[PDB]
């Protein structure tokens, strides 16, 4: 039985560097990985990115962010993209095709500023929400925690004070 993993995922921070630093500082070295799914509006050479896996958003104009990132975490293959290059506002068919060709455990995306967690195929798709500019029905700034083991993905959405926001948590069996 694999040892349990915990990942921290955020996105669409939009020029708020204190929140990125705060989340880095809180979690780097205490969880298995920390992810940012883009639209930070920060420089890729920022020291705030030490310990964090970050991809390019459409509102990231500086050279040096990757469009896609594959992170293999033990037996867990995580893929990560902003989403704009997959036309996710149209639908998720292009994103899901890529996730299937990669045979990902987890597919991380941003762009929509809407928190979501669903299982399609055996693949968890997660948008952590926007940590600065929430959209849709939930007007609270959010990021996400995923707990991973052989039996379950557990997803909680967390506020900027690092508390679980109720009514959004999901548990998926694998």
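Positions refer to the first chain, counted from 1.
Averaged over CA atoms, B-factors in the entry run higher in 39-47 than in the other of 56-64 and 39-47. For the set 124, 148, 114, 69, the PDB entry puts the maximum C-alpha B factor at 148. The deposited CA B-factor of residue 157 belongs to the middle third of values across its chain.
Residue-level temperature factors show residue 139 in the highest third of its chain, judged at the C-alpha atom. In the deposited entry, the Cα temperature factor of residue 16 places it in the middle third of its chain's modelled residues.
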